[PDB]
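This document opens with one chain alone, in structure tokens, the form deposited in one PDB entry.
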């Protein structure tokens, strides 16, 4: 009867193991140690499948590849079409990721042409120009002999490529410390699942219509207002530029208007900036950390770069995407550090998952981090071994290794993100070597809040070649 406990007997009734939930809270306060940690410990303790509660919301975690393939691929359109229902977001409900069902299919179908093979190849010289700025700014920090905080300069690179390619504007995050775009992303859900507003929605989902009527949002009003005005400024500039320009992300949405509302257009732009910034920055920083602590891998990778691009030859799109050892290094980094930590799907109706009848509205979790570190699938899972992804080896199971997800709801900017990071890695490894200093944290400790990120900022010594 009590509102805090109505569903907390479900998994016990179904014979599904899991940690005993607390009234009102469920198991959500166990997230405070980091979702990567909670999922791993539930996996090791309960096995192939376990259940938890976010407030009263039942959460079923699955690790079997075939069950994962059923949820993410086979029954996506019919059952598992959307992820969680976030809460009060305002107009950001129309963002491609947060849109649901047929509205999501339409928006994704409209935006997907942004990342065709031709469009990725077309925008590659824009990314290469920022790569030149990256090497030069990095040499400036290197030649003082002092260690380099990677997220400063690679965050600026990550924000520059997503801004220059999508909106056709060079905001020059790399050369303008105090970048309003970078700082606007910082306020969003700092405390993660310990965020008071987000936690109140988890405990009391019926508060969402109340907060929507009050224009309260999980997104910071300041961030939303700055990015919307920025998008609208670049938009008006594009309509007045009596000159040539790419058919880019911004133009694609402008074309949809002249035949997508002003708010919907802002929502897509805001999501692309959020999804593209911290992800690309973190993975680049994780990769260089692993290369600095594995100098044999760093040397071998530099040898492939010099063989394919002799005499510091500028990379081409084809060169970037076809360097085998570079691909394995990036894949192995994403195995160790899948920054989204897990995949989530909502049951839009009752469904039987692996002989288990799960009610409508429940959440299914694919614990990407736990599966990436599972010794059942990877020998010595904590070790950084790019040779795991050798083309000569057996094919990697696409439902165990899910750093970008799988199925119709997977990462739409996967190839774009892989091109950005590989371009940056080639250019800096053509010019520099990376090694740890006294200020480097070895081994790397993970934060407990939000995205998979280091507890302390990664700092490395950078020497010229």
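Each form is matched to the other, and the largest set of C-alpha atoms that superpose within 1.5 Å is called the rigid core. Residue numbers count along the first chain shown, from 1.
Just so you know, the form deposited in another entry exists too; it's not on screen, but the next bit is about it.
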Just one entry of 185, 97, 298, 81 has its C-alpha move 2 Å or more between the shown form and the other one under rigid core superposition, and it is 185
Since the C-alpha distance between residue 185 and residue 447 changes by 3 Å or more in the other entry, give its direction relative to the shown form: closer or farther.
farther
Shorter or longer C-alpha distance for residue 287 and residue 179 in the other entry, given it differs from this form by 3 Å or more?
farther
